[PDB]
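Asks: For reference, the structure I am asking about is given below.
Ideal geometry is used to build each Cβ from the backbone, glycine not excepted, and the neighbour counts take in all protein chains shown. Numbers and lists here come from the model and the stated rules, or from a named source; none is laboratory data.
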């Protein structure tokens, strides 16, 4: 059941428009509805740090630094700049994708690698875990107080 | 006053108030893509599940995905790596629109081997707009400072 | 580029071709929407940032009001603005999220002391920000990823 009018196009599934037309797929003056389905084959235009077609000429120093740093490789670059060097390549009002979510994260680092001899760093993406460990002479504990996830550090023994 | 045009390139709906600027108010599905005319895309899902959800098939899962699926520490966090029947192809492809609900489940897990004032290990989730504070304790001074971009937390004897 | 609307809905086939599975086809049908490798632009989810002047204190939850009024949280995406009932979120789960929403995602990092200063510390850790755990006088701080866990260890030097 496909219907078109001055306000747009609407497709009502074999069974029904559902509560509040939630089961309706449409493109009308009121926007878009996917009817409980998905929007596939879509990209936001966002790139990952380290990706091939980065334009260093229009970049800020911070963005270029991250683009070239392996510690950031793979993280989504929410700040790529285009021509004028002021306007975001990708505008705020652009649908984000699951692939953009997969590259979301922050970098964690330390000047020393445990049992190592080099600096340390890794990415903390969705569902990654960071653990603060007690060590010789130091007790590290956690507790969520009034919403704050507090990690306390004290002398042991 | 609204009109719907169909031409070689696609379908464009111009609201009763004009195409706006750069067709910004326009709602369209054309060869160049889709415009929601400053509005939203509603009644949409990406197919992403939260860890701990039902209908998770343990036999197509990697050890890491399954562990998180069964660990209460991860419960409710969005699962971005669910695999399909072939055990390698993601159930949700990259080029799929993400939803606000997917965002609501984003987060990492913070833990410690001890609970402050307690006697068991600690863990909680850090989602959007959650705060993590590193506190000084007896004999140790914990301070922070943003330097050269880095949020640096320093630890020293008091 | 052939555009057409029939009983099934809207389908736009590029001059070039459909694709390995009609991946280049742009469509609006019973199965949902396909962007044919393009973007969805001029779109908003309706999410606001904390500290936005348009916020309503009267319908706010205790927690949300707290964050709306804590400058440490300013700019971060507000994923829990409540409507009248305060029992329902202004923005529903099944609403496409935007790149602008991603840009405001982040967590607050804080400490009760500012290194070399004399006040409390706080900043936001958004996507691609870096958090470093520093060794100080007497304490050695090291990192290592073990069995997937990003572990930071504290011990007396």
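Asks: Based on this model, can you work out whether residue C:34 counts as touching a residue at least 40 places away in the same chain (Cβ under 8 Å), within 21 Å of residue B:24 (Cα to Cα) and either outside the structural domain of residue C:79 (by CATH) or touching a helix residue (DSSP H, G or I) at 6+ places or on another chain (Cβ under 6 Å) (or both)?
Replies: No: the conditions fail for residue C:34.
Residue-by-condition table, conditions (1) more than 22 Å from the chain's Cα centre (by Cα); (2) assigned to a loop (DSSP other than H, G, I, E, B):
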{"position": "C:37", "(1), (2)": "yes, no"}
{"position": "C:59", "(1), (2)": "yes, yes"}
{"position": "C:84", "(1), (2)": "yes, yes"}
{"position": "C:94", "(1), (2)": "no, yes"}
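Asks: Condition first: in a loop (DSSP other than H, G, I, E, B) and facing chain A (nearest Cβ under 8 Å). Now tell me which residues in segment C:96-107 satisfy that.
Replies: Those that are in a loop (DSSP other than H, G, I, E, B) and facing chain A (nearest Cβ under 8 Å): C:97, C:105.
Asks: A further question follows. Determine whether residue A:64 is in a helix (DSSP H, G or I), more than 14 Å from chain B (Cβ to nearest Cβ) and over 28 Å from residue B:124 (Cβ atoms).
Replies: no
Asks: Quick one: residue A:16 ticks every box in (1) more than 7 Å from every other protein chain (Cβ to nearest Cβ); (2) in a loop (DSSP other than H, G, I, E, B); (3) touching a helix residue (DSSP H, G or I) at 6+ places or on another chain (Cβ under 6 Å) bar one, so which box is it?
Replies: Status for residue A:16: all satisfied but (3).
Asks: Further, regarding this structure: I need a count of the residues in segment B:39-57 that are in a strand (DSSP E or B) and more than 17 Å from residue A:8 (Cβ to Cβ).
Replies: Counting residues in segment B:39-57 that are in a strand (DSSP E or B) and more than 17 Å from residue A:8 (Cβ to Cβ) gives 2.
Asks: Assuming residue B:133 fulfils every condition listed in (1) more than 10 Å from chain A (Cβ to nearest Cβ); (2) out of contact with any helix residue (DSSP H, G or I) (no Cβ under 9 Å at 6 or more places or on another chain) apart from one, which condition is it?
Replies: Result: residue B:133 passes all but (1).
Asks: While we're on this one: Considering only segment C:49-67, state which residues are touching a strand residue (DSSP E or B) at 6+ places or on another chain (Cβ under 7 Å) and crowded, with 20+ Cβ neighbours inside 10 Å.
Replies: C:50, C:64
Asks: Next up: So which of B:138, B:95, B:148, B:128 ends up being in contact with a helix residue (DSSP H, G or I) (Cβ under 8 Å, 6 or more places away or on another chain) and within 29 Å of residue C:114 (Cα to Cα)?
Replies: B:128 is the lone residue from the list that is in contact with a helix residue (DSSP H, G or I) (Cβ under 8 Å, 6 or more places away or on another chain) and within 29 Å of residue C:114 (Cα to Cα).
Asks: Looking only at segment B:147-158, how many residues end up being over 11 Å from residue A:154 (Cα atoms), at the interface with another protein chain (Cβ under 7 Å from one of its Cβ atoms) and surrounded by fewer than 17 Cβ atoms within 10 Å (Cβ to Cβ)?
Replies: Matching residues across segment B:147-158 total 2.
Asks: Among the residues of segment A:1-13, count how many are away from chain B (no Cβ under 11 Å) and assigned to a loop (DSSP other than H, G, I, E, B).
Replies: Final tally of qualifying residues: 3.
Every residue, every condition in (1) touching a strand residue (DSSP E or B) at 6+ places or on another chain (Cβ under 6 Å); (2) farther than 30 Å from residue A:39 by Cα; (3) free of Cβ contacts under 8 Å to residues at least 24 places away in the same chain, yes or no:
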residue: A:69; (1), (2), (3): no, yes, yes
residue: A:74; (1), (2), (3): yes, no, no
residue: A:141; (1), (2), (3): yes, yes, yes
residue: A:147; (1), (2), (3): no, yes, yes
residue: A:150; (1), (2), (3): yes, yes, yes
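Asks: Can you find, within segment B:68-80, the residue that is surrounded by the fewest Cβ atoms within 10 Å (Cβ to Cβ) among those that are within 8 Å of another protein chain (Cβ to nearest Cβ) and assigned to a loop (DSSP other than H, G, I, E, B)?
Replies: Per the stated criteria, the residue is B:77.
Asks: Given the conditions (1) buried (at least 22 other Cβ atoms within 10 Å of the Cβ); (2) touching a residue at least 40 places away in the same chain (Cβ under 8 Å), report the number of the one that residue C:99 does not fulfil.
Replies: Of the numbered conditions (1) buried (at least 22 other Cβ atoms within 10 Å of the Cβ); (2) touching a residue at least 40 places away in the same chain (Cβ under 8 Å), the odd one out for residue C:99 is (2).
Asks: Ok, one more. Among the residues of segment A:108-135, write down those that are assigned to a strand (DSSP E or B) and either more than 24 Å from the chain's Cα centre (by Cα) or under 14 Å from residue C:134 (Cα atoms) (or both).
Replies: Passing the criteria: A:108, A:109, A:110, A:112, A:113, A:120, A:121, A:132, A:133, A:135.
Asks: Considering segment A:26-35 alone, what residues qualify as being facing another protein chain (nearest Cβ under 7 Å), part of a strand (DSSP E or B) and under 24 Å from residue B:18 (Cα atoms)?
Replies: A:27, A:28, A:31, A:32, A:33
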